[PDB]
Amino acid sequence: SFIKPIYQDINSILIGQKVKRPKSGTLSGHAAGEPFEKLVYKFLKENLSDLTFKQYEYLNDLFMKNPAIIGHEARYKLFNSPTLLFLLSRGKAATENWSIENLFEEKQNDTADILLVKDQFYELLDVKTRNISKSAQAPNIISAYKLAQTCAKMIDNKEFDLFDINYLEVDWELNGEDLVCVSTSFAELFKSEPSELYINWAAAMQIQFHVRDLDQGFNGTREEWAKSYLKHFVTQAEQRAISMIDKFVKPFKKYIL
């Protein structure tokens, strides 16, 4: 984690900072804390200037630093890693259509919010925003299915010391016409017990939890974390399939006749 070292600095520049609210009034999903992410990234881009990238930004740099190679297959080789391609690359069509005149942009799908890279090591930072004027449910963190596939590809290629998936929670509350941050939390996904990750099937097969309450006591290796996750995943998928019937089938049998 290239972030944990200067965490307090982050937490100190964020708490207290007021940012005028979005000219809409919703403050639901994407249209909420969003500007806090911008703040975090801006700080990092100035205090880790060379390690800090926006996912699409990293991709635009990757291809720009290799103008000699065109086509999608040659560009997919620029990742020198399957898992990394899975986690960060754009589609076949898009990858092939990229150019200095047609650069990549933000994409609702992008696995990460900001990218920190140094020494062929990658930190996938996803910043979560939370309105603490409510006591809502744990937000979507990452797709269980995506993580499952990511683990399977760590095992296949044997890439166990290449990337960390970390989370930064930014708590806020409305105050006048502004949103103001009241506190933050940090957590390393691969530092938590995988067998305990809660997967919310209906919620886009996403595992959900508040960064603030996530356990960080895992002791095995990254190879053992992945195995355990795939285990929990299959177990809970088998479980969901059976649980679905008891809730979405039987309760309505008395109508179909």
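Position 1 is the first residue in the sequence shown; the rest follow in order.
Relative to its counterpart among 113-121 and 138-146, 113-121 has the higher mean temperature factor, C-alpha atoms as listed in the PDB entry.
Look at the C-alpha B-factors of 67-75 and of 125-133. On average they run higher in 67-75.
Per the deposited record, the Cα B-factor of residue 195 falls in the highest third when ranked against the other modelled residues of its chain. Per-chain ranking of the deposited C-alpha B factor places residue 57 in the lowest third. Residue 106: CA B factor lies in the middle third for its chain, per the PDB record. Residue 158: CA B factor in the highest third of modelled residues in this chain (values from the PDB entry).
Remark: residue 35 belongs to the highest third of its chain, ranked by C-alpha B-factor as recorded.
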